[PDB]
Amino acid sequence: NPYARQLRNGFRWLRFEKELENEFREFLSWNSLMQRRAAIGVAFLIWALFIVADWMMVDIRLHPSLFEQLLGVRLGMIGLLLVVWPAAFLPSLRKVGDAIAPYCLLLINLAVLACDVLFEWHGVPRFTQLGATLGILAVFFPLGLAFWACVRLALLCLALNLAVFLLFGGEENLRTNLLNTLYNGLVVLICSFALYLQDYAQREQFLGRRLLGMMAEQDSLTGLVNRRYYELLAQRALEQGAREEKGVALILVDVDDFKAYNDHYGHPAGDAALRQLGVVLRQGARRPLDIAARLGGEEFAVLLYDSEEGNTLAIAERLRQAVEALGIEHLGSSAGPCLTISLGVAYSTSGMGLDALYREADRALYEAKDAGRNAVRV
Amino acid sequence: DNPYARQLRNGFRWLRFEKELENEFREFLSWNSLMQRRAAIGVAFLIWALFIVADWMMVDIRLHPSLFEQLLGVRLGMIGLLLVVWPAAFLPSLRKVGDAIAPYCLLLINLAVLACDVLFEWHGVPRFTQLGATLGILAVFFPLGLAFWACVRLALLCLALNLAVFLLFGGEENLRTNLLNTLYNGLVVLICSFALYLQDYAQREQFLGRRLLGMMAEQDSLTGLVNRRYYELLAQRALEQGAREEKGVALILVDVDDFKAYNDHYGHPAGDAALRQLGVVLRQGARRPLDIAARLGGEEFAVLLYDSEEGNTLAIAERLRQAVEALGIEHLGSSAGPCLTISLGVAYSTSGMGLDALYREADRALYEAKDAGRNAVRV
Ligand SMILES: Nc1nc2c(ncn2[C@@H]2O[C@H](COP(=O)(O)CP(=O)(O)OP(=O)(O)O)[C@@H](O)[C@H]2O)c(=O)[nH]1
Ligand SMILES: Nc1nc2c(ncn2[C@@H]2O[C@H](COP(=O)(O)CP(=O)(O)OP(=O)(O)O)[C@@H](O)[C@H]2O)c(=O)[nH]1
Ligand SMILES: Nc1nc2c(ncn2[C@@H]2O[C@H](COP(=O)(O)CP(=O)(O)OP(=O)(O)O)[C@@H](O)[C@H]2O)c(=O)[nH]1
Ligand SMILES: Nc1nc2c(ncn2[C@@H]2O[C@H](COP(=O)(O)CP(=O)(O)OP(=O)(O)O)[C@@H](O)[C@H]2O)c(=O)[nH]1
Ligand SMILES: [Mg+2]
Ligand SMILES: [Mg+2]
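Going down the list, the sequences are from chains P and X. So the first sequence is residues 15 to 392, counted in UniProt numbering. So the second sequence is residues 14 to 392, counted in UniProt numbering.
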């Protein structure tokens with residue numbers, strides 16, 4: 015089981031196998047549709063709050079040109095925010111949003127510094143140094159991106175935020191911006207702790223549900239289908255077979271003389287071979303809508319879909335030969351040097367239930383097992 | 014079913030478990046969060062040390078020596094507080110004490126963040142690191158192992174102090190800057206609350222899943238009592254323990270008689286229905302200490318007994334046989350009575366004797382009870 019082995023060996027440093035990671039990314043994108051809706055809404059609200067704050071804070075009568083330039087930049091992203099808005103709600107193109115989400119964030123960061131880079135252009139001192147911080151925290155919003163995607167994005171944002179102040183506004187406020195950029199560095203580090211626990215929990219919650227579902231779908235010792243799933247699926251198979259008007263053939267597999275194997279070879283060794291029986295039974299089960307299941311204990315049942323009586327006899331004979339050709343020693347057998355297998359085949363028609371076919375299948379094995387080696391009766 | 018499975022099916026939006034589950038979860042949270050306190054103490058010591066360096070970096074000691082001294086006293090005070098709480102957090106013996114002051118420790122850190130600022134306006138010097146108050150809020154969201162609502166209510170209280178101190182002790186010269194920064198900090202809390210919710214929700218589902226996955230796989234059964242493989246581990250351990258203290262172990266196998274009639278006349282859902290009442294009445298009849306009851310597979314089950322004599326084993330076998338006989342279930346196809354009949358086989362084990370020998374004797378008596386018209390118990 016690919017899911018089980020990933021959980022056992024651990025997934026530290028937050029990385030799956032190539033196929034599992036691709037499945038996880040689809041899982042991440044599927045469950046982050048609601049988060050994208052909130053992220054677009056909050057970004058529109060935040061930038062709207064920036065505009066009203068700027069107008070009510072800076073005087074226009076003395077610096078009208080500065081106000082006009084700032085107002086153009088802010089509305090520019092707001093209009094650009096309404097053009098990426100149709101690309102985040104339509105499910106038809108949600109895939110492209112996985113690659114443009116970094117584009118839609120770093121561009122927002124670009125405008126955050128653009129508003130400040132104009133206060134010193136017009137010779138007006140700043141009134142809030144917390145603008146740069148809110149652009150950085152937008153990176154950590156849960157847009158369904160991975161751990162390393164968000165982390166590498168904020169670090170790039172941090173570098174660009176530091177760069178804009180070094181080449182601009184020189185010999186003025188340099189100490190206060192460098193400290194604020196340094197303070198932001200701690201902001202990124204603190205948020206990295208929390209995001210790590212989020213992504214680690216998310217992956218191992220995804221791994222659990224896949225493993226839990228598979229475990230209930232199959233049995234444990236072998237890879238066949240457990241009892242309660244087999245009953246439900248066979249009823250669906252019978253209903254489907256009646257819908258398309260074609261008979262369903264049932265063949266049951268039973269091991270003969272298992273006390274001798276148990277008491278002479280040991281309890282763990284006696285059925286250690288059960289997996290070997292499972293694989294050689296499964297390799298003979300490759301047809302479409304052809305199932306392999308264990309009914310609990312020594313006896314197994316496999317269901318054939320759209321097969322004729324000649325085919326059922328042919329496939330039953332070769333699997334009996336195949337298990338005989340395995341040649342596992344079993345000294346207590348009265349029908350051969352090695353362990354022997356009994357088969358019982360029954361045919362089911364449309365509108366005829368599971369109970370009747372099982373009744374029509376059991377005594378063929380009973381008449382075969384007794385006074386018989388590996389005989390098969392229809 | 015399981016309490017863990019019950020919660021998962023019910024759902025846990027708003028992040029609240031049952032009282033017993035939440036107490037287990039909180040202990041689970043504290044156990045796994047022990048490593049996080051190592052980093053939390055490290056960063057808080059490092060951050061406050063860096064605050065001291067920054068304050069001395071530019072503050073004019075010549076012009077304002079009193080301001081520098083007062084700030085230096087406050088910052089070293091919490092570092093002293095960090096060195097007195099540090100021995101109370103790394104010791105596993107009082108880990109409950111270590112997180113008994115976690116809201117207390119964070120609030121004090123927030124207090125010094127504002128106290129090392131308001132003194133700038135006390136001495137008439139404009140501040141230079143308005144971002145300082147924000148760092149006192151982000152400390153609340155550090156993964157200290159607290160619950161979701163504990164962190165959320167803590168940061169909101171820290172938000173209140175920022176607004177209160179700047180409106181009252183913040184004078185009137187830099188107010189318009191203060192409310193803007195406090196309003197921006199409100200967005201900081203809101204943004205971090207989104208990520209916090211996903212963290213706690215993802216964590217809680219795992220604990221329900223891990224408890225459910227482990228218990229269903231290793232232990233228990235879908236309808237029965239215990240998995241066959243786990244029964245084998247217990248039986249080997251019980252035999253090893255029994256041989257160590259030199260006492261016999263009694264084994265009893267319970268079998269259903271004439272099950273073909275029940276299956277083909279009453280149906281499969283009736284057949285598995287007969288199983289689960291059979292399981293519960295066998296479970297209620299198994300109350301001895303270190304008593305193992307399991308579903309081996311198919312129709313037969315085995316119960317393991319520790320420190321019992323032949324008379325007790327025969328006595329308990331008879332009453333459960335009468336109990337299941339007293340249970341009125343229509344099994345009209347029976348050839349041994351009006352209702353379904355149950356066969357039992359009891360075997361005794363000695364010291365240093367393998368499970369195959371006792372199992373062979375146990376089933377041997379079972380068939381010799383079967384051919385005797387059922388309803389028989391043999392040793
Ligand atoms: N059982 C749990 N283990 C957890 C939980 N959170 C973290 N961990 C542990 O985190 C481990 C991840 O590997 P590391 O120790 O390298 C992770 P790091 O040291 O960077 O941070 P922690 O996750 O705080 O240990 C993993 O072995 C888990 O046992 C949790 O909620 N439950
Ligand atoms: N290790 C395991 N042993 C099993 C399992 N299921 C059944 N058994 C063992 O197999 C036996 C039950 O099957 P039967 O007694 O009907 C075996 P036998 O081949 O003699 O039956 P017929 O061929 O129908 O006469 C019994 O010894 C069980 O302990 C299993 O999943 N694992
Ligand atoms: N299968 C997953 N569901 C998730 C994940 N993250 C969030 N959710 C969903 O979160 C939901 C729990 O919250 P509610 O249903 O009350 C809606 P709320 O807005 O509070 O949460 P979200 O649905 O996460 O926005 C739940 O239905 C999940 O489907 C995830 O990683 N996997
Ligand atoms: N509904 C279920 N039927 C089961 C289950 N396990 C076995 N069986 C049925 O039990 C039958 C196997 O034969 P049994 O060992 O029950 C023999 P029975 O008690 O009918 O006759 P005696 O040998 O005279 O005691 C067969 O019809 C199986 O389908 C199970 O978990 N559920
Ligand atoms: Mg058999
Ligand atoms: Mg029987």
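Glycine included, every Cβ here is placed at the ideal spot set by N, Cα and C.
| By how many angstroms is the C-alpha of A389/X removed from the C-alpha of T326/X? | Translated into positions along the second sequence, residue 326/X becomes position 313. Translated into positions along the second sequence, residue 389/X becomes position 376. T326/X and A389/X have their C-alpha atoms roughly 14 Å apart.
| said: DSSP has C352/P in a bridge; who is on the other side? | reply: The residue given as residue 352/P occupies position 338 in the first sequence. Answer is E343/P.
| Beta bridge counterpart(s) of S321/X as assigned by DSSP | Residue numbering aside, residue 321/X sits at position 308 when the second sequence is read from its first letter. None; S321/X has no bridge partner.
| request: Would you decide whether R50/P is buried or exposed? Buried here means 16 or more other CB atoms lie within 10 Å of its CB. | output: Locating residue 50/P in the first sequence gives position 36, counting from the first residue. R50/P comes out buried.
| field | At least three beta-carbon pairs within less than 8 Å, the region 235-248 of chain P to the region 304-312 of chain P | value | In short, these stretches touch, since the Cβ pair count reaches three.
| message | Tell me which residues share the same chain as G298/P and place their Cβ nearer than 6 Å to its Cβ, disregarding the 5 neighbours each side in the sequence. | response | In the first sequence, residue 298/P corresponds to position 284, counting from 1. Counting only Cβ-Cβ distances below 6 Å, and skipping sequence neighbours, we find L333.
| task | Report buried or exposed for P78/P, applying the criterion of at least 16 other Cβ atoms within 10 angstroms of its Cβ. | result | For this step, residue 78/P is matched to residue 64 along the first sequence. It counts as exposed.
| task | Mind reading off the beta-carbon distance from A146/X to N187/X? Whole number of angstroms is fine, and I expect it under 8 Å. | result | The residue given as residue 146/X occupies position 133 in the second sequence. The residue given as residue 187/X occupies position 174 in the second sequence. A146/X to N187/X, Cβ: 13 Å. No contact.
| query | Which residues, taken in chain order from the region 215-229 of chain P, show a beta carbon closer than 8 Å to some beta carbon of chain X? | reply | Look at the region 215-229 of chain P: the residues with a C-beta under 8 Å from a C-beta of chain X are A215, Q216, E218, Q219, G222, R223, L225, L226 and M229.
| request: Below 6 Å CB to CB, which residues in the same chain sit around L303/P once its five sequence neighbours on both sides are set aside? | output: For the purposes of this step, residue 303/P is taken as residue 289 along the first sequence, with counting starting at 1. The residues are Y319.
| message | Taking beta-carbon pairs under 7 Å, can you tell me which members of the region 33-67 of chain P lie near chain X? | response | Going along the region 33-67 of chain P in chain order, one finds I60 and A67 with a Cβ nearer than 7 Å to chain X.
| query | Would you call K109/X buried or exposed, if buried means 16 or more other Cβ atoms sit within 10 Å of its Cβ? | reply | Within the second sequence, residue 109/X is the residue found at index 96, counting from 1. When all chains shown are included, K109/X counts as exposed.
| message | Along the region 308-324 of chain P, where does the CB come closer than 7 Å to a CB of chain X? Name the residues. | response | Here the close residues are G310 and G311.
| request: Kindly list the residues whose CB is nearer than 8 Å to the CB of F41/X, restricted to its own chain and excluding five residues on each side of it in sequence; keep chain order. | output: Position 28 of the second sequence holds residue 41/X. Closer than 8 Å at Cβ, skipping near neighbours: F220.
| message | Rounded to whole angstroms, what is the Cα-Cα separation between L235/P and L226/X? | response | In the first sequence, residue 235/P corresponds to position 221, counting from 1. In the second sequence, residue 226/X corresponds to position 213, counting from 1. Their backbone Cα atoms lie some 16 Å apart in a straight line.
| Residue range of the unbroken beta strand (DSSP E) whose run includes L371/X | What you label residue 371/X is simply residue 358 of the second sequence in a count that begins at 1. Boundaries for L371/X: no beta strand (DSSP E) harbours it, while the alpha helix (DSSP H) harbouring it runs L368 to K383, taken from the DSSP string.
| task | Helix, strand or coil for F81/X, going by three-state DSSP, please let me know. | result | Numbered from its first residue, the second sequence carries residue 81/X at position 68. Taken through DSSP and simplified to helix, strand or coil, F81/X comes out as helix.
| task | For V201/X, go through chain P and note every residue whose CB falls closer than 8 Å to its CB, in chain order. | result | Reading the second sequence from its first residue, position 188 is the one you call residue 201/X. Near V201/X (Cβ distances below 8 Å), the residues of chain P are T147, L148 and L151.
| said: For ligand 1, is there any heavy atom lying closer than 6 Å to the beta carbon of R217/X? | reply: Looking up residue 217/X in the second sequence gives position 204. Checking every heavy atom of ligand 1 against the Cβ of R217/X, none is found closer than 6 Å.
| Span of the alpha helix (DSSP H), counted from its first residue to its last, around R22/X | Translated into the one-based positions of the second sequence, residue 22/X becomes position 9. For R22/X, the enclosing alpha helix (DSSP H) covers residues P16 to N23.
| query | Which term fits residue 9/X, buried or exposed, when burial requires 16 or more other beta carbons within 10 angstroms of its beta carbon? | reply | Nothing can be reported for residue 9/X: it is not among the residues displayed for chain X, which extend from 14 to 392.
| said: So within the region 46-132 of chain P, which uninterrupted beta strand (DSSP E) runs reach at least 3 residues, ignoring any that extend past its ends? | reply: If you keep only unbroken beta strand (DSSP E) runs of at least 3 residues inside the region 46-132 of chain P, you get nothing at all.
| said: If you follow the beta strand (DSSP E) that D277/P is in, where does it begin and where does it stop? | reply: Working through the first sequence from its first residue, we reach residue 277/P at position 263. First-last for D277/P: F272 to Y279, but that is the alpha helix (DSSP H), not the beta strand (DSSP E).
| task | Look up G137/X in the DSSP assignment and say whether it is helix, strand or coil. | result | Locating residue 137/X in the second sequence gives position 124, counting from the first residue. Three-state DSSP puts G137/X in coil, outside helix and strand.
| query | So who's on the other strand from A306/P, going by DSSP bridges? | reply | Indexing the first sequence from 1 puts residue 306/P at position 292. When DSSP reads this structure, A306/P sits in a beta bridge with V316/P.
| request: For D271/X, decide whether its Cβ has a neighbour in chain P, counting only Cβ atoms nearer than 7 Å. | output: By one-based count along the second sequence, residue 271/X stands at place 258. With 7 Å as the cut-off, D271/X does not count as an interface residue toward chain P.
| request: Could you name the residues of chain X that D369/P contacts, counting a contact when the two beta carbons are closer than 8 Å? | output: Stepping through the first sequence from its first residue, residue 369/P is reached at position 355. The answer, in chain order, is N276, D277, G280 and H281.
| message | Using a Cβ-Cβ distance cut-off of 7 Å, determine whether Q20/P contacts chain X. | response | Counted from its first residue, the first sequence places residue 20/P at position 6. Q20/P does not count as touching chain X.
| query | With 16 other CB atoms within 10 Å as the buried threshold, where does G358/P fall? | reply | In the first sequence, the residue the question calls residue 358/P occupies position 344. With 16 or more Cβ atoms within 10 Å of its Cβ, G358/P is classed as buried.
| request: For the region 328-347 of chain X, enumerate the residues whose C-beta is nearer than 9 Å to any C-beta of chain P, in chain order. | output: If the cut-off is 9 Å between Cβ atoms, the region 328-347 of chain X has nothing near chain P.
| field | Minimum length 4: unbroken alpha helix (DSSP H) runs contained in the region 174-240 of chain P | value | Restricted to the region 174-240 of chain P, the alpha helix (DSSP H) segments that are unbroken, complete and at least 4 residues in length are 188-231, listed in chain order.
| said: Please tell me whether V153/X and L167/X are closer than 7 Å, where the distance is taken between their beta carbons. | reply: Start at 1 with the first residue of the second sequence, and residue 153/X comes out as number 140. Start at 1 with the first residue of the second sequence, and residue 167/X comes out as number 154. Yes. Within cutoff.
| task | Note the first and the last residue of the continuous alpha helix (DSSP H) segment covering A146/X. | result | Translated into the one-based positions of the second sequence, residue 146/X becomes position 133. Per DSSP, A146/X belongs to the alpha helix (DSSP H) from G145 to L151.
| field | Cβ shell of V87/P (< 7 Å), same chain only, five flanking positions each side left out | value | As a working mapping, residue 87/P is identified with position 73 in the first sequence. Answer for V87/P: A125, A128 and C129, listed in chain order.
| field | For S43/P, three-class secondary structure by DSSP | value | Taking the first residue of the first sequence as 1, we reach residue 43/P at position 29. Helix.
| message | I want to check one thing, is the minimum distance from the CB of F272/P to the heavy atoms of ligand 2 below 6 Å? | response | Taking the first sequence and counting its residues from 1, the one referred to as residue 272/P is at position 258. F272/P: yes, Cβ under 6 Å from ligand 2.
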